[PDB]
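For reference, the structure is listed below as structure tokens.
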Amino acid sequence: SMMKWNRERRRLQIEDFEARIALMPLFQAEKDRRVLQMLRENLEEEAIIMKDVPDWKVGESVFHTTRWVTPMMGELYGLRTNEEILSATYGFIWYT
Amino acid sequence: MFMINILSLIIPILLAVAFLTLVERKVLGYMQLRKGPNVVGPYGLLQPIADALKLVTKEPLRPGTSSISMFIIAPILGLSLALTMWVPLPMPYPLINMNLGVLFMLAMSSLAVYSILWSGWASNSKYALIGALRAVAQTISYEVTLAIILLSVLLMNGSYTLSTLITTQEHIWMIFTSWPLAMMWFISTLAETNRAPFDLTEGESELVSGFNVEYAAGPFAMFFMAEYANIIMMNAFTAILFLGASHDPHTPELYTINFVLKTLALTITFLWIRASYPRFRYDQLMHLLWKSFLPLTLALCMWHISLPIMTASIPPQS
Amino acid sequence: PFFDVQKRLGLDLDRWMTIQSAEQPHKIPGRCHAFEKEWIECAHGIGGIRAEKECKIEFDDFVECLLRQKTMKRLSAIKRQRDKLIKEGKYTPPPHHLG
Amino acid sequence: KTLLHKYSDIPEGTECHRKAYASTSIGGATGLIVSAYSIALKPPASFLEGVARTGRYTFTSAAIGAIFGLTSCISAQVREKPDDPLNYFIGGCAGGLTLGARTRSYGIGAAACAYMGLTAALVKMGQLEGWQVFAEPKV
Amino acid sequence: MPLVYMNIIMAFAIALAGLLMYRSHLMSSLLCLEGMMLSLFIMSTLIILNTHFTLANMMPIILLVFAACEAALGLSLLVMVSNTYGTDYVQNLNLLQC
Amino acid sequence: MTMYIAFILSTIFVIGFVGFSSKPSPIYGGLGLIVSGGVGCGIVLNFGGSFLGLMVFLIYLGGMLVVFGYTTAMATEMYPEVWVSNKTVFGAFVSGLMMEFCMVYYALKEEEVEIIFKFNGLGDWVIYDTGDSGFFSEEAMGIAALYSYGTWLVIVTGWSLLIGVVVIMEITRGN
Amino acid sequence: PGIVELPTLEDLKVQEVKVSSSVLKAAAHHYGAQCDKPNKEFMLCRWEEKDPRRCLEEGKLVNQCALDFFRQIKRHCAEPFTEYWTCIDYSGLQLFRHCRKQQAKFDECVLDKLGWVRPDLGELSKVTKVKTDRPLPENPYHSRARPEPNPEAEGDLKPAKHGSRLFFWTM
Amino acid sequence: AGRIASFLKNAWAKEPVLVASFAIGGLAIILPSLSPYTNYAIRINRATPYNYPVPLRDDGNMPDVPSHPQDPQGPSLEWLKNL
Amino acid sequence: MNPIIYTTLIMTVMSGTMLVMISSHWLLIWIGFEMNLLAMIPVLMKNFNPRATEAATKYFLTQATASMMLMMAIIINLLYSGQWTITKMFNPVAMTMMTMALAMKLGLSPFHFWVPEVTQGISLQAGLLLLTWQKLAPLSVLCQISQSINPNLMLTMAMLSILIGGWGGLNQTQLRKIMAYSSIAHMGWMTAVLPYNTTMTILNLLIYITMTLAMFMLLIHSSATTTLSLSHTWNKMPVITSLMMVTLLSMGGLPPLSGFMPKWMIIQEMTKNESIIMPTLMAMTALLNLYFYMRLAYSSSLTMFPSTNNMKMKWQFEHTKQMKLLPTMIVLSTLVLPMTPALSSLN
Amino acid sequence: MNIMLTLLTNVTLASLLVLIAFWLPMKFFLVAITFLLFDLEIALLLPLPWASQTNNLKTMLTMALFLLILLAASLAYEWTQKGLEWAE
Ligand SMILES: CCCCCCCCCCCCCCCCCC(=O)OC[C@H](COP(=O)([O-])OCC[N+](C)(C)C)OC(=O)CCCCCCCCCCCCCCCCC
Ligand SMILES: CCCCCCCCCCCCCCCCCC(=O)OC[C@H](COP(=O)(O)OCCN)OC(=O)CCCCCCCCCCCCCCCCC
Ligand SMILES: CCCCCCCCCCCCCCCCCC(=O)OC[C@H](COP(=O)(O)OCCN)OC(=O)CCCCCCCCCCCCCCCCC
């Protein structure tokens, strides 16, 4: 009985996962715009705050390569408020 | 409203644990041709209140040769984990949905031996030192079989997510698949519970007091609740592991009714064994596991890992 | 190794784990897989002396990736200047920083 | 090697006060090292005895450096020759006399001048020609 | 290098200092020996968990399984010297003078 | 407050290390490390190491240290000590926390601590990385590779632990 | 080290889907099996280009194509769709095994009004030969030049001239 | 064989415990090889997808990979459906 | 110790050390070190005497922390580099941690303090394993990471090794103690050129192992542990004492004996690297090794110390041990100097 | 958030329950070491449930029994050579 039920549950998993794979293309685009909207906000603020600092040009690279790098969250969400920082870093780890 | 939910989980068990002393002595008496407490209130229903209002007014006497820091902390963490055990229990919807609840549950179960350790040491008595010595060693020695039994059991279930237990156990009880593990699991608790024949932790008639030591009044109270709330816990842990139930999403009431009855039945069986059987001996206490339980548990675990691959019945948990 | 028995026998003993750009369970990338690919591919068949000076740009970008250090210096001074410019009351944070 | 740079940076035959104070620091620094080891391998009595042992070891080492730096530098000024290896010998071994002074032994003081002066002369040769004791791996 | 990394290595450093600062009890040194492998475990885990070195999660457990194995022999070593000297005091652990 | 949970856990880790490494009575020294093991889990858990942190709670913290508490029972000094019993242990405890306290002060002011290594005193949350883990639980599937990718590590773990039992009973054999 | 030029805020205004998870996952398979054309090459862009910034043009199309699929249901059996996705959310796992009857109702409606068949098991999990117009990047990682390897050792071995040559040893 | 069968029954009399576990380990270690389903288990394990099946650029002459998820071309796990 | 268990336990040390030289992963290097440590403790406790327990306790307490310190620089190097491959260390303080950790597993610097007593406490055969087989595993790591070690730190620790090792041997009585101090002096000799050239470190290893293993486990044949006890052996087996002097003179390194093999080749390499004060002082303190080497030969064969009447009993009997591989081992440790070009083979 | 909050409130109630009731009124070592070794070996096969979902379970299969065999083997040695039988 357990063997038959377990095989049915495996078929349930691939049924559940198949939905996720169809869902992922929309989420990838949503996160892509969300993350790049925020970095656009980040250096947009950077121009206003940092102009008196003598050679702090806005949006200086840190990596010598010109290839895109997964942005560190410390600058994505970092300039934001304290609350959304807390709900993001230890958000999945803490939600229970 | 999280704080009320925690209180709604802490209040009932304390009210249960005090009120479980009533049925324990009374059910014991009824399998001893007695009536149990029945003169204080309707059918004795007030004794739980009496003892809960007596060990809290008895003056606690600290031992002369003792450090009161250990003499106080040892009772506290003896009970505090027993209430924390109920945090990840999947009563329809568990309070905390720890994806590794079972390991978390075993972690605090291992923390219980520490309350055995300093409590025996701090009192600094010949009974206290030896009483601790046998008690903690027995509990840790039977924890290794506890770890293996789960490893065999949830291997068919999936990961250690206690919420998944209802999903896998949905057509037959898991005991019907691993009943040799069931007796392995149920009896192995009887020592960690400090319950029946594995009673050498305290030794009623020959060691006066063991795990609890002489800790009286205050320290006694939550030491009494320490391995009393725990009894309701690993009664419930077995009642969710093997003797599962059904869970309708639109009616979680049925799951609770089935869960409480099976847990209550297991608690009565604990009391059933409490006085019916004689008491083991510590040499035999270790003889039983390391020479009979451990070799048999190892093979059964070996059977329970191969079997899902024998029939392609590996779980979809991940 | 002192006696590289792995190369002679051809059996993989610990090379699978040596770097995080090798095969990983279910193709999970390391946090710095991109830079590992660049540094490793830069420095192969070059030796342990030439590569440390020649393939330095790859290492510097990579050595920043693991423990991101220079970019917090970027972030720390962002926080310092922002705090100073709000303590005396000149720069007003936009509403998008809040709800 | 901040202390070593502190000494060697001062040109020979000038700024004798700085050279002496640098000499005391180097002599002082090695005083702590030997005394800390002595307290470790051999457990002293109560702390006042321990610092008494520490004070003696530091005092001699500082004193040996102090007089050596003074005489090694003024000799270049007085003799108007800083390059000569003898400019370190005449003070390098006087430290041995200082060691004999604090230990009260003519034999150990004289023998230390025989050895320390030679080594102090050798150090001057090391800086002159380009000798290296911990040479980097070249071949 | 963030602060959370610092507090662990510094805890290792103070653990290292106390290990080799034997007081008159071998058990305490064995306890202070216990510090680093936990500090090593913690320090290793933050590095590996942060950088998503999936296969490297091996080593934290691999660190613990054998670094506790000396403690298995060390405790028996401690009870061995306490079966002939009757004491874990380290001042009597100097019979090898000559 | 909540934003400093990894920082607050890390400093409790240090004070727990200072207390037990200062060598009080061994049974008390175990407690000083037990809480350090307790707060050590929070750092691992907060970083996604749910299994590894919880694993440390079962073994070691709830495991081997029980034997340490066991060992200090029969093989104990006749007068177990306390930080009040001796003066040096009291001084060591104060020195460790003062050194820690002077250090966090340096970290909070300029975040440019250079001692030994070059540290940054910014918030603990920055080092995290952004990105979904899909359905595989990264850590959970990392150590599950013990039997798919472990290979050599498996036999050496088995052998050494097996050799862990030939050594033990041999040395405590009583000639 | 240079400029981190990134797209302005102008192009980051797409008609974002305003639905929730349950309604997203209620359709899922039908949406995946009817809007694969903008999903595949956009995801292929995500992998080949290895940079979010270069796939903004395909990023908006997939969201836009979602709307055409979504409002197509509204002109059709959306009432059975509402009953479905309002029964999925009630389960905490968002699992289909407890909403089989509404699974049928959505399927039977969409079967004839539109014709979107139910994707069989494993059909979505399939590598596809998506047609694309963009050329593959010459170096997706923007890798720089490669150091020239040291010259290769060659030449037939010759006996060591005058033997060992170590001190006085000969032969 | 007579003494060996006697010894095995000799074991079962003075102890029933470790003989049972030795039997359990004995079977559990040997059936894995004598199995018509362990091949299915690895096939089932690999069948479940955790990552997106990254599409490949269509350069023509791709025989087996499909263009639509509902195209018949490609691997089918129908063997699991009746399983 | 049951011979089957004793054979297995030595095999684990055989396996543990072999694992280090065949591992390409930093963890696996630390992996075998812990197994090797885990297996020697019962071997040292062969007689279960209180002195043996003292030696085992000292060895464990000085080696377990070194393995713990070993792991410390591994993660720090991992922290700053992210690779576990056995290569150069890309962070300075890690390797500064590394060299001290590896050395104190061995003992050259003040770290060396455990070597004298631990050798004395354990049995003579047990002393052999600690002193002729435990010096390969740490040297295996140092050979692999020799590219970038700080020359200042390594040479200073090598200086202190030969200087402290030779100096303490002069005032030693128990032949086990002279063995430890002789080993400490020679370990600095072999590791001094380690930053410069690795081939002549392994040269010293094979050369030192052969003479040390031969003259240790020949001393087992004499069944003596003190200078007076070794002195008596001239009457019983004068050939043993005569062979004892040959390896003792080889031990010092007097040409044409093969014990001058390392000392010659080391001075050649350090001179090639313009380091010339370093060898001369290195050669000078080697005279200290010869002095107690010569003193032991004085009491062994070069003179005749008084014997005992009861020792006439031993003349009627004979040894039972088959001195496995002993006779050939003196030959290739005192006469192999003309085979000097064999250095290139080790490369 | 909820995890340590639950721990905090549980500690407060337990601590109060005593305060309201305080102010108002070789063999043993040998088995323990064997426990530590077996308990430590137990940590090896704990991640087994996730390990049963790999794509090469054959290598997972045989090596998992290898740990269990060695637990059986280590028990066997500690069994026969007196060992687990307690000293007298
Ligand atoms: C293909 C098939 C695969 C699986 C097949 C598995 C084998 C067949 C089934 C075998 C039996 C089941 C497993 C073994 C169980 C017994 C283990 C054992 O050691 O037994 C002998 C042991 C006694 O063994 P012993 O001590 O006489 O001999 C052992 C060997 N020597 C002597 C060397 C040590 O039985 C017990 O210990 C009895 C229990 C003692 C504790 C007191 C409480 C008992 C309460 C009983 C009533 C309640 C039961 C509740 C059950 C659970 C409910 C949820
Ligand atoms: C050009 C730059 C430098 C300029 C300044 C010159 C150099 C620094 C000053 C001189 C340093 C070397 C001379 C020795 C200094 C230490 C002397 C010392 O410690 O004396 C105390 C004591 C002697 O007496 P003791 O052996 O204890 O016996 C009697 C006990 N009641 O001895 C002891 O307690 C210790 C044991 C004896 C001495 C051991 C060796 C100590 C010196 C090591 C080398 C130092 C080299 C310094 C210079 C080069 C490096 C910078
Ligand atoms: C490089 C520098 C020098 C190095 C070597 C220095 C060696 C001596 C150094 C001084 C030693 C201490 C003082 C003397 C100690 C004497 C030790 C001893 O045991 O003496 C007594 C002993 C008695 O002799 P016995 O053992 O009975 O054996 C007799 C021969 N069968 O005597 C013996 O045991 C001695 C046995 C000698 C055996 C000689 C065998 C000769 C073989 C000749 C083969 C010829 C082949 C010719 C081939 C021709 C064609 C090519």
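Residue numbers start at 1 in each chain; chains themselves are named A, B, ... in the order of the structure tokens; ligands are numbered from 1 in the order shown.
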Mind listing as JSON, numbers by chain which residues of chain B are within 12 Å of chain G, counting only C-alpha atoms? {"B": [92, 93, 97, 163, 164, 167, 247, 248, 249, 250, 251, 252]}
Export of prior selection with N, CA and C atoms as an mmCIF file, in the first residue's frame:
data_model
loop_
_atom_site.group_PDB
_atom_site.id
_atom_site.type_symbol
_atom_site.label_atom_id
_atom_site.label_comp_id
_atom_site.auth_asym_id
_atom_site.auth_seq_id
_atom_site.Cartn_x
_atom_site.Cartn_y
_atom_site.Cartn_z
ATOM 1 N N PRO B 92 -3.228 19.113 13.316
ATOM 2 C CA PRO B 92 -3.547 19.651 11.988
ATOM 3 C C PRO B 92 -2.515 20.611 11.413
ATOM 4 N N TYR B 93 -2.460 21.824 11.950
ATOM 5 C CA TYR B 93 -1.483 22.813 11.515
ATOM 6 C C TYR B 93 -0.490 23.065 12.639
ATOM 7 N N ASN B 97 6.401 25.519 11.511
ATOM 8 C CA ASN B 97 6.569 24.549 10.431
ATOM 9 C C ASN B 97 8.049 24.391 10.078
ATOM 10 N N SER B 163 5.199 18.041 9.085
ATOM 11 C CA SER B 163 3.922 18.256 8.412
ATOM 12 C C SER B 163 3.663 17.202 7.343
ATOM 13 N N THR B 164 4.719 16.699 6.701
ATOM 14 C CA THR B 164 4.561 15.693 5.656
ATOM 15 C C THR B 164 4.050 14.365 6.206
ATOM 16 N N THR B 167 0.700 13.439 5.117
ATOM 17 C CA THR B 167 0.547 13.169 3.690
ATOM 18 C C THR B 167 0.900 11.726 3.352
ATOM 19 N N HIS B 247 -6.749 14.049 7.568
ATOM 20 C CA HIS B 247 -6.793 15.509 7.665
ATOM 21 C C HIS B 247 -7.575 16.054 6.475
ATOM 22 N N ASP B 248 -8.815 16.452 6.718
ATOM 23 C CA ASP B 248 -9.583 17.145 5.692
ATOM 24 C C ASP B 248 -9.227 18.627 5.702
ATOM 25 N N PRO B 249 -8.819 19.198 4.565
ATOM 26 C CA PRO B 249 -8.492 20.634 4.551
ATOM 27 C C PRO B 249 -9.642 21.519 4.995
ATOM 28 N N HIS B 250 -10.876 21.156 4.652
ATOM 29 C CA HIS B 250 -12.039 21.952 5.022
ATOM 30 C C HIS B 250 -12.554 21.645 6.421
ATOM 31 N N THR B 251 -11.979 20.662 7.111
ATOM 32 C CA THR B 251 -12.386 20.338 8.478
ATOM 33 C C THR B 251 -11.195 19.753 9.216
ATOM 34 N N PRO B 252 -10.359 20.603 9.818
ATOM 35 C CA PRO B 252 -9.254 20.097 10.645
ATOM 36 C C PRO B 252 -9.697 19.569 11.998
#
Counting only C-alpha atoms, a student should be able to say which residues of chain A come within 10 Å of chain H; what is the right answer, written as a VMD selection string? chain A and resid 4 7 to 8 10 to 11 13 to 15 17 to 18 20 to 22 24 to 25
Tell me which of A:12, A:38, A:49, A:72 sits closest to chain B, counting only C-alpha atoms.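 Using only C-alpha atoms, chain B sits closest to A:12.
Considering only C-alpha atoms and all ligand atoms, the residues that reside within 6 Å of ligand 2 can be listed as residues 23, 26, 27, 34, 57, 60, 61, 64 and 65 of chain D.
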Within 7 Å of region 54-66 of chain H using only C-alpha atoms, minus same-chain residues under 6 positions, as a compact mmCIF listing (two decimals) with N, CA and C atoms, in the first residue's frame:
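Written out: part10.txt:
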# COMPACT_ATOMS: atom_id res chain seq x y z
N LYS G 40 10.30 30.76 -24.29
CA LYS G 40 11.49 29.97 -24.59
C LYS G 40 12.67 30.85 -25.00
N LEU G 44 16.02 31.54 -23.09
CA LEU G 44 17.26 31.31 -23.84
C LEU G 44 18.12 32.57 -23.84
N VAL G 127 13.37 19.90 -23.10
CA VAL G 127 14.20 20.84 -23.84
C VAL G 127 13.62 21.04 -25.22
N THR G 128 13.57 22.30 -25.66
CA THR G 128 12.92 22.66 -26.91
C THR G 128 13.88 23.37 -27.84
N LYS G 129 13.65 23.20 -29.15
CA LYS G 129 14.47 23.83 -30.18
C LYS G 129 13.87 25.19 -30.56
N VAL G 130 13.99 26.14 -29.63
CA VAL G 130 13.40 27.45 -29.83
C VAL G 130 14.14 28.19 -30.93
N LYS G 131 13.40 28.68 -31.92
CA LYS G 131 13.98 29.50 -32.97
C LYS G 131 14.29 30.89 -32.44
N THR G 132 15.41 31.46 -32.89
CA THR G 132 15.83 32.76 -32.42
C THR G 132 16.52 33.50 -33.55
N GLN H 73 7.79 14.57 -30.08
CA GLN H 73 9.23 14.37 -30.05
C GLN H 73 9.79 14.65 -28.66
N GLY H 74 10.75 13.84 -28.24
CA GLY H 74 11.37 13.99 -26.95
C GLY H 74 11.08 12.82 -26.03
When the cut-off is 8 Å and we count only C-alpha atoms, which residues of chain C are near chain G, given as a list in words?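 Every residue of chain C that passes the 8 Å test is in residues 34, 38, 42, 43, 45, 46, 54 and 55 of chain C.
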Distance of CA of residue 134 (chain I) from CA of residue 196 (chain I), expressed in Å to one decimal place: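 Pair CA of residue 196 (chain I) / CA of residue 134 (chain I) returns 22.8 Å.
Set the cut-off at 6 Å, count only C-alpha atoms, and the residues of chain E near chain F turn out to be residues 1, 2, 3, 7, 11, 15, 18, 28, 32, 54, 55, 57 and 58 of chain E.
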Closest pair table for chain C residues within 7 Å of chain A, only C-alpha atoms, as a Markdown table:
| residue | atom | partner | partner_atom | distance |
| --- | --- | --- | --- | --- |
| C:57 | CA | A:64 | CA | 7.0 |
| C:61 | CA | A:63 | CA | 5.2 |
| C:71 | CA | A:62 | CA | 6.5 |
| C:75 | CA | A:75 | CA | 6.7 |
| C:82 | CA | A:49 | CA | 6.9 |
| C:97 | CA | A:80 | CA | 4.8 |
| C:98 | CA | A:81 | CA | 6.0 |
Distance limit 9 Å, reference ligand 1, atoms considered: only C-alpha atoms and all ligand atoms. Which residues make the cut? Give them as number ranges by chain. B: 175, 178-188, 190, 196-198, 238-239, 242-243, 266, 269-270, 273, 277-280, 284, 287-294, 296-297, 299-300, 303-304; H: 14-18, 20-21, 23-24, 27-28
C-alpha atoms of the current selection, written as a JSON list (two decimals), in the first residue's frame:
[["chain", "number", "residue", "atom", "x", "y", "z"],
["B", 175, "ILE", "CA", 2.87, 0.84, 11.82],
["B", 178, "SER", "CA", 7.22, -1.02, 10.15],
["B", 179, "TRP", "CA", 5.62, -2.73, 13.14],
["B", 180, "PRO", "CA", 9.00, -4.28, 14.14],
["B", 181, "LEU", "CA", 10.14, -0.66, 14.38],
["B", 182, "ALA", "CA", 6.99, 0.19, 16.35],
["B", 183, "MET", "CA", 7.91, -2.05, 19.28],
["B", 184, "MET", "CA", 11.48, -0.86, 18.84],
["B", 185, "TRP", "CA", 10.30, 2.76, 19.03],
["B", 186, "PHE", "CA", 7.65, 2.46, 21.74],
["B", 187, "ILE", "CA", 9.88, 0.63, 24.23],
["B", 188, "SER", "CA", 12.90, 2.84, 23.54],
["B", 190, "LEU", "CA", 10.02, 4.01, 27.99],
["B", 196, "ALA", "CA", 7.92, 1.78, 33.36],
["B", 197, "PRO", "CA", 10.31, -1.02, 33.79],
["B", 198, "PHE", "CA", 13.11, 1.24, 32.56],
["B", 238, "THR", "CA", 4.44, 8.04, 18.39],
["B", 239, "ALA", "CA", 0.78, 8.91, 17.76],
["B", 242, "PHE", "CA", 2.93, 5.39, 13.18],
["B", 243, "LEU", "CA", -0.73, 5.59, 14.29],
["B", 266, "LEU", "CA", -0.81, 5.73, 24.36],
["B", 269, "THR", "CA", -0.76, 2.31, 27.99],
["B", 270, "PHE", "CA", 2.22, 4.03, 29.62],
["B", 273, "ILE", "CA", 2.83, -0.66, 31.93],
["B", 277, "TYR", "CA", 5.33, -4.95, 34.88],
["B", 278, "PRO", "CA", 8.23, -5.49, 37.26],
["B", 279, "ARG", "CA", 11.30, -3.25, 37.03],
["B", 280, "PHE", "CA", 14.35, -3.90, 34.86],
["B", 284, "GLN", "CA", 20.02, -5.70, 31.82],
["B", 287, "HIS", "CA", 22.17, -5.48, 27.99],
["B", 288, "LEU", "CA", 18.84, -5.12, 26.20],
["B", 289, "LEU", "CA", 19.83, -2.45, 23.69],
["B", 290, "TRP", "CA", 23.53, -2.79, 22.86],
["B", 291, "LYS", "CA", 23.18, -6.57, 22.41],
["B", 292, "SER", "CA", 19.56, -7.07, 21.27],
["B", 293, "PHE", "CA", 18.00, -3.77, 20.20],
["B", 294, "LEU", "CA", 21.04, -2.25, 18.48],
["B", 296, "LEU", "CA", 18.22, -5.61, 15.29],
["B", 297, "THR", "CA", 17.71, -1.87, 14.78],
["B", 299, "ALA", "CA", 19.44, -4.50, 10.24],
["B", 300, "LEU", "CA", 15.93, -3.02, 10.16],
["B", 303, "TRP", "CA", 16.06, -3.09, 5.31],
["B", 304, "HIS", "CA", 14.22, 0.25, 5.36],
["H", 14, "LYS", "CA", 19.85, -20.04, 22.63],
["H", 15, "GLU", "CA", 19.29, -16.71, 20.85],
["H", 16, "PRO", "CA", 16.56, -15.52, 18.47],
["H", 17, "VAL", "CA", 17.74, -11.92, 18.17],
["H", 18, "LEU", "CA", 20.97, -11.54, 16.20],
["H", 20, "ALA", "CA", 16.97, -12.44, 12.80],
["H", 21, "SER", "CA", 18.98, -9.24, 12.26],
["H", 23, "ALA", "CA", 18.95, -12.49, 8.20],
["H", 24, "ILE", "CA", 17.54, -8.99, 7.70],
["H", 27, "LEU", "CA", 18.54, -10.13, 2.40],
["H", 28, "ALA", "CA", 18.67, -6.32, 2.44]]
Please determine the contact residues of chain I with respect to chain C at a cut-off of 10 Å, counting only C-alpha atoms, and supply them as an NGL selection string. :I and (18-29 or 78-88 or 90 or 139-145 or 147-148)
May I have the residues within 8 Å of ligand 3, computed using only C-alpha atoms and all ligand atoms, as a list in words? residues 234, 237, 238, 239, 240, 241, 242, 243, 245, 246, 256, 257, 301, 302 and 303 of chain I
Against chain J, which residues of chain C fall within 12 Å? For each one I want the closest pair of atoms and the distance in Å (one decimal), counting only C-alpha atoms, rows by chain and increasing residue number, as a tab-separated table.
residue	atom	partner	partner_atom	distance
C:24	CA	J:54	CA	11.8
C:25	CA	J:54	CA	8.4
C:26	CA	J:54	CA	8.9
Tell me as a ChimeraX atom specification which residues belonging to chain J come within 10 Å of chain E, counting only C-alpha atoms. /J:26,29-30,32-34,36-37,40-41,43-44
Could you dump the residues just selected with N, CA, C and O atoms as a JSON list (two decimals), in the first residue's frame?
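Now in part-v3.json:
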[["chain", "number", "residue", "atom", "x", "y", "z"],
["J", 26, "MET", "N", 34.72, 2.63, 35.72],
["J", 26, "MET", "CA", 35.32, 2.52, 34.40],
["J", 26, "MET", "C", 34.28, 2.08, 33.39],
["J", 26, "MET", "O", 34.30, 2.49, 32.23],
["J", 29, "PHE", "N", 32.20, 5.01, 32.16],
["J", 29, "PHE", "CA", 32.95, 5.77, 31.17],
["J", 29, "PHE", "C", 33.10, 5.00, 29.87],
["J", 29, "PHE", "O", 33.02, 5.58, 28.78],
["J", 30, "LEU", "N", 33.31, 3.68, 29.95],
["J", 30, "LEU", "CA", 33.57, 2.89, 28.76],
["J", 30, "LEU", "C", 32.37, 2.90, 27.82],
["J", 30, "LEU", "O", 32.51, 3.12, 26.61],
["J", 32, "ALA", "N", 30.01, 5.12, 27.76],
["J", 32, "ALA", "CA", 29.78, 6.48, 27.29],
["J", 32, "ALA", "C", 30.63, 6.80, 26.07],
["J", 32, "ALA", "O", 30.16, 7.45, 25.13],
["J", 33, "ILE", "N", 31.89, 6.36, 26.07],
["J", 33, "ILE", "CA", 32.75, 6.59, 24.92],
["J", 33, "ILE", "C", 32.23, 5.83, 23.70],
["J", 33, "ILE", "O", 32.19, 6.37, 22.59],
["J", 34, "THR", "N", 31.81, 4.58, 23.90],
["J", 34, "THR", "CA", 31.22, 3.83, 22.80],
["J", 34, "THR", "C", 29.94, 4.50, 22.31],
["J", 34, "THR", "O", 29.64, 4.48, 21.11],
["J", 36, "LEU", "N", 29.49, 7.74, 22.30],
["J", 36, "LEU", "CA", 29.93, 8.90, 21.54],
["J", 36, "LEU", "C", 30.33, 8.49, 20.13],
["J", 36, "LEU", "O", 30.00, 9.18, 19.15],
["J", 37, "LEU", "N", 31.03, 7.37, 19.99],
["J", 37, "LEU", "CA", 31.45, 6.91, 18.67],
["J", 37, "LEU", "C", 30.24, 6.50, 17.83],
["J", 37, "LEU", "O", 30.14, 6.89, 16.66],
["J", 40, "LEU", "N", 28.27, 9.55, 16.96],
["J", 40, "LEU", "CA", 28.94, 10.31, 15.91],
["J", 40, "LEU", "C", 28.78, 9.63, 14.55],
["J", 40, "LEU", "O", 28.55, 10.31, 13.54],
["J", 41, "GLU", "N", 28.90, 8.30, 14.50],
["J", 41, "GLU", "CA", 28.66, 7.60, 13.24],
["J", 41, "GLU", "C", 27.22, 7.77, 12.80],
["J", 41, "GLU", "O", 26.92, 7.74, 11.60],
["J", 43, "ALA", "N", 25.56, 10.48, 12.98],
["J", 43, "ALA", "CA", 25.52, 11.74, 12.24],
["J", 43, "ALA", "C", 25.86, 11.54, 10.77],
["J", 43, "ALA", "O", 25.48, 12.36, 9.93],
["J", 44, "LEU", "N", 26.58, 10.46, 10.43],
["J", 44, "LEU", "CA", 26.95, 10.23, 9.04],
["J", 44, "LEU", "C", 25.73, 9.89, 8.19],
["J", 44, "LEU", "O", 25.56, 10.44, 7.10]]
Residue neighbourhood residue 55 (chain B), 12 Å, only C-alpha atoms, exclusion window fewer than 4 positions, as a VMD selection string: (chain B and resid 18 48 to 51 59 to 61 215 to 225) or (chain J and resid 17 to 18 20 to 22 24 to 25)
Determine which residues of region 132-288 of chain I DSSP labels as helix (DSSP H, G or I) from the backbone of this structure, then write them out as a ChimeraX atom specification. /I:132,136-144,151-169,175-192,199-222,227-236,238-252,260-272,277-284,286-288
Atom-to-atom span, CA of residue 93 (chain A) and CA of residue 100 (chain B), Å: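 CA of residue 93 (chain A) sits 12.3 Å away from CA of residue 100 (chain B).
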Give me, as a list in words, the residues of chain D touching chain I, with the criterion being at most 6 Å (counting only C-alpha atoms). residues 133, 134, 135, 137, 138 and 139 of chain D
